[PDB]
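Working notes for the structure below.
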Amino acid sequence: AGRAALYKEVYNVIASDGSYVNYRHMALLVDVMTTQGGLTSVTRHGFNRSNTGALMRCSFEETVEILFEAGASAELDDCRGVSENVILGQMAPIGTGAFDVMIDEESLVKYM
Amino acid sequence: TXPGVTXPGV
Amino acid sequence: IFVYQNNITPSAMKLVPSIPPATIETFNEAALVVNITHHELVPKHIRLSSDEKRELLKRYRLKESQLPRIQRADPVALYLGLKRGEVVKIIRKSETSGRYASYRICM
Amino acid sequence: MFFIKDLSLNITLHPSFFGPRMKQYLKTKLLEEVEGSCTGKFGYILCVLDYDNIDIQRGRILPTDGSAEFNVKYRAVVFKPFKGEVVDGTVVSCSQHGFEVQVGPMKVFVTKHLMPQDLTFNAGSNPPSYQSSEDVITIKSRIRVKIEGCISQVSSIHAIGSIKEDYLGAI
Amino acid sequence: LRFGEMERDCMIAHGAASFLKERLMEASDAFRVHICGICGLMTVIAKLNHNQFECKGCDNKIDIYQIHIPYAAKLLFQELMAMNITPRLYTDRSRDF
Amino acid sequence: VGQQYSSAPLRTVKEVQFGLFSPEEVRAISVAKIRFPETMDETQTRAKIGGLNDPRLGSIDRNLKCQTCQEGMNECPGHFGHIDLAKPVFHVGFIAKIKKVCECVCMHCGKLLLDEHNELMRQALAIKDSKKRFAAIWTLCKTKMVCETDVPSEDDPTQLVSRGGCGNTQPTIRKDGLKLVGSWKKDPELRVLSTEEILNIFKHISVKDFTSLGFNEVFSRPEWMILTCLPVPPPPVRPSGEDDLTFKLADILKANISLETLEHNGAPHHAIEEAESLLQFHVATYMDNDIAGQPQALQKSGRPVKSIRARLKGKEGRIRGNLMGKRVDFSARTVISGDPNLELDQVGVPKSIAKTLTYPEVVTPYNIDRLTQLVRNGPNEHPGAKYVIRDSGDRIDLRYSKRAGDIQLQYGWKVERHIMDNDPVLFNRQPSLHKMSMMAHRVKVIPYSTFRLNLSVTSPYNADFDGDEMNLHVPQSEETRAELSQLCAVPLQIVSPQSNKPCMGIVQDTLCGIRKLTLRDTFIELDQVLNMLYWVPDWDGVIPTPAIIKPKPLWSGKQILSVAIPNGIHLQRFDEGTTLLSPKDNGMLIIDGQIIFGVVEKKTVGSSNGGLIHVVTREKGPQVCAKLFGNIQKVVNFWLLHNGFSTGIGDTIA
Amino acid sequence: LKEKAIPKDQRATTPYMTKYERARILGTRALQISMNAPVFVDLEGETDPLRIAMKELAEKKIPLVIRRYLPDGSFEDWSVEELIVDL
Amino acid sequence: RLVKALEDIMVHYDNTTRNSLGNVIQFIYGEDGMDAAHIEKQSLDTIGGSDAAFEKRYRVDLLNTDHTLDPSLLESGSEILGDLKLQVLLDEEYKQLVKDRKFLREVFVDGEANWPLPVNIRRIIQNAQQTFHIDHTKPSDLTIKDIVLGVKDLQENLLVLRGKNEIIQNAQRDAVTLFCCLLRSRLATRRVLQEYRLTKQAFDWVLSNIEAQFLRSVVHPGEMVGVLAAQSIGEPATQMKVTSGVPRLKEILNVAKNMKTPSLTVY
Amino acid sequence: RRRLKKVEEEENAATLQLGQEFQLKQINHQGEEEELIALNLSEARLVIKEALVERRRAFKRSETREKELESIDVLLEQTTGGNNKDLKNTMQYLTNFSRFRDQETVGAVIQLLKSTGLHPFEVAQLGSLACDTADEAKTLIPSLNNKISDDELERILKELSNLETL
DNA sequence: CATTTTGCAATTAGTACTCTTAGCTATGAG
RNA sequence: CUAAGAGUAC
DNA sequence: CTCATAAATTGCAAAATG
Ligand SMILES: [Mg+2]
Ligand SMILES: [Zn+2]
Ligand SMILES: [Zn+2]
Ligand SMILES: [Zn+2]
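Chains as they are written, first to last, in my numbering: chain A, 1 to 112; chain B, 113 to 122; chain C, 123 to 229; chain D, 230 to 400; chain E, 401 to 497; chain F, 498 to 1151; chain G, 1152 to 1238; chain H, 1239 to 1505; chain I, 1506 to 1671.
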């Protein structure tokens, strides 16, 4: 019910000035904000506190503190986020990178 | 805390 | 289920968790005047069995933490008597598709 | 001693190399790199078993490179020396410091400190050899040696052997 | 010209990951740095012409890897190590997803 | 030439493991111990051995290779040194954490206060994530001030079970600046907890205790939070007048030498304490100069010293200023002007910018001739080439290479050439609030000094022509080029996922013109009809039968505009009060690509859902929609040019 | 790897090539053509590597497979030949 | 802030919407798995109108006269009347339409009939009409059994999730239920035979086009829906008794205990 | 695990710590676990010969010591190319110190040593070293101490010496 | 058993252009 | 060269 | 005479009592 109320609030904000945004965008926003069981705010004290990787948590706010806490806690960052691969300069597993392109020798031979 | 993030306390 | 008028003394809360499998749940009469589950905002909550939870995690390849969370203090969670680890199925009247089924794990 | 073990090698193929003979190229390039090679982790590697159908898998195009990274898995026959192992061999050279014995593909250097006091070097003989009261160790002579110390190097594995123990020497 | 944060975000929304990587690595700063598999630090002395890689302390010379990271990233990791934080870089998965 | 070949295997970072440096690890990885605070030797022409700029950490001059790796400044990552501190000091970033840990473990026996015998410890240790475990353990053990050498039995509170507790009483620990002072209950005893004793008590913490606290056996033990061997970043980290970190390290070394000499030569305890506090302050301001309460370590010029934390945090820090967003090559920026004679997906590129921004095209048997001709043309005329990268990594600049003669190109080389027509280029107007504000356009080289873009495509960019500037990024590979053309192309972005409706439309003059063109009164004679028909590039070549045949052949505006609309489009919108007959000519009915009736205006050709743009792009495709944009703009702009539209003061008069 | 690889007989993903899959296939194939890869289709005079890749994909003559990673780490191998390019 | 919060959300190959940790945000994107750019506003005819109007529009009876059909509508117009099998088919089809009417009235309390759905059926019907030259006077070549079986098969062919187990099949039905309601609302036997007058080949072509368009409107795995949503919410914010606009957006994203204008609604 | 640095006991054949990756059970390329088999000199020679003749036949479609050495040299030169110095040395070492001739005898030896139910490393060493008595075998291979009875080892080495030919 | 009360700093649209100034001051001593 | 500052464009 | 140093969010542990 909190998620439904949050979506209604966001939709009223969007529709106050007459603009229209598709349902699924606001639905994604409110589902991200309430996927933890409570209203996770879009703030350094909100989404940035979830254990989602130090390298992407620090990219938003409180960088050095996040690095210190990760070092103290020996956190293992799996480099699944976009910000981790952006920092490390490697193709993020998004869009064109959400998969791997490989080669079929049998098909290549079957062509000729 | 701090400030920020007095003390505690004071 | 224990239903109280106003409050419970702190010295009584400590002995509320009895020997298992007996579980005691406290509810306030004031908080039980209106049934929250009949609200149009509140979707349909259905507790899943252990077999259903296992099948869910098998089919969606999920782990325990990768499910959406529902606190083991939410009014609906208290209502249906959820214990930690039990997954509820949420039936919602979506506006892009007629029906949407979500699953929330109790934490 | 001789074993057979699972090994995996990462080969990178250029875009111009993808033709109907890609499997042949991968099979040949696995050879000439590991056949008869030596590494510190697994000792010597002599040959590859089951060449009929070696597991090559799919390969993977490196992004922005185009070169494909195949992880070829194979069965390789290896000769890893181990500490305190008795093995036969052939003497091929002798010197003041000791003598070299040919064990498989490797040469084990038995130092002069690790022979009985009766055995002594003799350079007067042509070729020089090791002469004792009951036996003589010369070139192309069978000898049993126990390895007691090994240092792990990659390009050339080295072992330390001895014949000081009972029933060690020329057969 | 600055390829700012929200430009990167727009390229993420477009889903073009390789173009974003090209923007942030080839077009700006691509730095090849060596690490060892034992300790993920960049403390690997490299002698490329002599073909000798060695991380002191770990006593290893064949357990080395090279990675392509932005020089800004290398400098960040160096400033982290200089501030008593070890950003060990590992090239294999020690845990399942 | 880049970086020379390396035989080390190439992998991509999969898991980044954090932790803390062990002092023995710092001693092992360091290649040169730093002992003297000076940077240069007495000759001032070489880097002092044993100083902060030891050549074993990396050469400071281009002409000199790094003494350790025998490589130049282009290749050397820079190797750390180590300063062996005279006495242990707190890590400024971990002080609070250190406090919490020393608030959880007995300060004499070095064991955790409350083992599993306590009631809530089972629940506390049952927590999975390390941070929440530590939070619970701290908030439960912070109010316990006794080691509890004997505790009541878990079975029943009758007998006493003795654990490995020394029975002392833990103090209340506060922080006074950079030090922690403990007040023991008076049998209060207030004394400064020396870093040596805290390090000792941390080294006594059992493996189980601190791994329950959230630390790790291998990567981060609690006793590593106290500094004893400070790493020294190489001059690459602090390039040189010297950098601020160089001065801070010089101050740290000076304080360390002062304390060491006072220790060795013997000194009063007060002077030793003062030297220790100065060392702690210098270390803390080296790692964090924004410590609340304490004054900032001012630099020799009178300004605050740039600490490492200051170098990392902020918009201009490493993360946000150099990693999340960084300055990139192969980009241009200039003023933008409208051009009704450009396609929707086309962008006008000044000849100079095209001559500057370059694309590397790999030499292929299919493009040997044209790239060879570009190489022959050189970089001072357009089209041309600017560089040739050989298979050996050597670069040939077309300037100063004509003396050597013509270049015989070989397959597999690269020709880095001027961006030519139909090159997919990312085009952006900042702030760039959404993905449509960054779209792939096709290059059309123009002989003037401004970017030129279609009037419609300004709507997604929110771009005017009153001095706006826009950015142009050129992909440098076939892969980025291809995904840019196939995912970020302007036609593919016509319909926005933002509101499931087209984001572009007919705007400004054209829109006004089209309203004037589709009125019932608008009739067009034969000659103007012929011109307007020819102005549609994909006109099928047949003149429509005029709406009026006698006594004078007149085409209506709707008839001519229907040529622009692709064949097979049905649209039917009913405005307020319209009937199947249109007394007001409002509404819109288009049948098989012919406008049956209705004035064409913003509701039809504008960026509205269900309009002509949406229907055309959903039925025929994005390419046909872009073609429709071009055709409509061309015909309507020609008609308005030859009809004219003005406004004056009289238009504001009633 | 055997546990990860979902067998071809029970792949549960869409048989239609996604826009990202097509974009990366075209990019990779155009890059290989630019680096002198063999061509399996007859050429009608085309010289752009991108349009060469498009013509190869039109008649499904690209010798690559997509390895679609599920969130759990398991992957499905869809050969470009059996993927249907609809968009 | 919005972009950073939503930067790691992605639609994975199992159609779930998961972040960098693998946590499921949505078990299917947008709760229907549809790409946003392929969504158009369309009218649900079942929900609108009166009970008498709904009966006149959809109810078909082969045994009475109030809701009978004109025999000239289709080829076998004088043969179907008095039948029992096809009467059973129409009875279940009308019962399904009544169920859809009740369902849609439950989904939308206000009864709004125009909602965004993936495939625009009206445009496909018009395309078939203009391609096959429907003359509106010739009796239709179609048969009722063809129409009913074709609609049911088309509903079975709209696959969002390709899995092969009960949970995935239930999720697929939940994902396509509203579009199937729209499809039944448009492709009713009464409406197909009388209002649109589709022929046999025209009906087959309409079914094929609807299937193709629906399969084309399914969201693409790997779509960065998180950044898309963040930007699609932030861009209208720049164009911007109770607080609204940017201050209210700030009050919502920064979930604040105290807000300027807390108002409560009581019915 | 990913423990940085590594402390390990020294490799020792007598202690039977062949290595962390030289353990008894190893996961094969098919994903299942198989025992770490150790090939004796004659068995290893026969395995190498089988592999080389398989390669020769694949390329074609696509006893006394002197004659055997000539045949193996010809086959090695025909099958493979270069970098075979180590392979040649190992092959001549195996042919010179060849304890068995053909497949039947090595199969009998391996099945007998399997019936003894002993470690593959130990049985391969027994098949490799040409021991005579029991205490001699015990002092040659320390790993056999307090593992097998004296009489059984003596008699099985008696049959192994009996199976020695040429 | 029940309240109860208190003191404040860090972080917070994008890019992009031009120009101007300044880099421990003064005093001791070899 | 770096840092600080001022003014300015959209 | 010239180098070296003097808006709005958060995030609570005390200390006192009857
Ligand atoms: Mg402007
Ligand atoms: Zn290391
Ligand atoms: Zn160096
Ligand atoms: Zn104690």
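Where is the CB? At the ideal position from N, CA and C, for every residue including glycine.
Closer than 7 Å to a non-hydrogen atom of ligand 1 - does that hold for the CB of residue i?
i: residue 964(F); result: yes
i: residue 463(F); result: In the structure displayed, chain F extends from 498 to 1151; residue 463(F) sits before or after that span and is not available.
Keeping to the same chain, check which residues put their C-beta closer than 8 Å to that of residue i; ignore five residues upstream and five downstream.
i: residue 230(C); result: Shown here, chain C extends from 123 to 229; a query on residue 230(C) therefore has no answer.
i: residue 34(A); result: 2, 3, 6, 40
i: residue 895(F); result: 872, 875, 876, 881, 882, 883, 884, 885
Might you give, ordered along the chain, the residues of its own chain that have their beta carbon closer than 6 Å to the beta carbon of residue i, omitting 5 neighbours on each side?
i: residue 829(F); result: 850, 854, 969
i: residue 925(F); result: 935, 968
Nearest to residue i by alpha carbon, out of the options?
i: residue 375(D); options: 388(D), 369(D), 381(D); result: 388(D)
i: residue 91(C); options: 153(C), 142(C), 136(C); result: In the structure as shown, chain C begins at 123 and stops at 229. Residue 91(C) is therefore absent and cannot be evaluated.
i: residue 1416(H); options: 1467(H), 1240(H), 1500(H), 1340(H); result: 1340(H)
i: residue 874(F); options: 898(F), 892(F), 862(F); result: 898(F)
Using the beta-carbon of each residue, which ones in chain F are nearer than 7 Å to residue i?
i: residue 68(A); result: 590, 591
Could you tell me which chain G residues have their CB closer than 7 Å to the CB of residue i, listed as they occur along the chain?
i: residue 283(D); result: Under the 7 Å cutoff, chain G gives no residues; its nearest Cβ is about 16 Å from residue 283(D).
i: residue 923(F); result: Ordered by position in chain G, no residue passes the 7 Å Cβ test against residue 923(F), which lies about 14 Å from the chain.
Any heavy atom of ligand 2 closer than 7 Å to the beta-carbon of residue i?
i: residue 590(F); result: no
i: residue 441(E); result: yes
i: residue 458(E); result: yes
Please return the same chain residues whose Cβ sits closer than 7 Å to the Cβ of residue i, not counting the five positions on each side in sequence.
i: residue 425(E); result: 468, 470
i: residue 1464(H); result: 1244, 1245, 1246, 1247, 1248
Determine the chain F residues that contact residue i at a beta-carbon separation under 9 Å, and present them in chain order.
i: residue 1508(I); result: 714, 715
For a test of your reading of the model: does the CB of residue i fall under 7 Å from any non-hydrogen atom of ligand 4? Yes or no.
i: residue 665(F); result: yes
Would you say residue i touches ligand 3, meaning its beta carbon is less than 7 Å from a heavy atom?
i: residue 576(F); result: yes
List, in chain order, every chain E residue whose beta-carbon is nearer than 8 Å to that of residue i.
i: residue 1200(G); result: In chain order: nothing, as chain E lies at least about 15 Å away.
Can you pull the chain C neighbours of residue i, defined as C-beta to C-beta under 7 Å?
i: residue 1409(H); result: 223
What residues of chain A sit near residue i, judged by a beta carbon separation below 8 Å?
i: residue 1264(H); result: 27, 28, 31
For residue i, which residues in chain H fall below 8 Å Cβ to Cβ?
i: residue 1206(G); result: What residue 1206(G) touches in chain H: nothing, since even the nearest Cβ is about 22 Å away.
Could you work out which residues of chain D lie near residue i, taking near to mean beta carbons separated by less than 8 Å?
i: residue 422(E); result: 293
At a CB-CB cut-off below 7 Å, which residues of chain A make contact with residue i?
i: residue 1197(G); result: By Cβ distance, chain A contributes nothing, its closest Cβ being about 19 Å from residue 1197(G), past 7 Å.
Closer than 7 Å by beta-carbon distance: list the chain D residues that pair up with residue i, in chain order.
i: residue 1602(I); result: 317
query: Pairing CB atoms from the region 697–716 of chain F with CB atoms from the region 663–683 of chain F, are three or more of them under 8 Å?
result: no
task: Spell out a yes or no on whether the region 1152–1162 of chain G and the region 1216–1227 of chain G are touching, meaning 3 or more CB-CB pairs, one atom from each, closer than 8 Å.
output: yes
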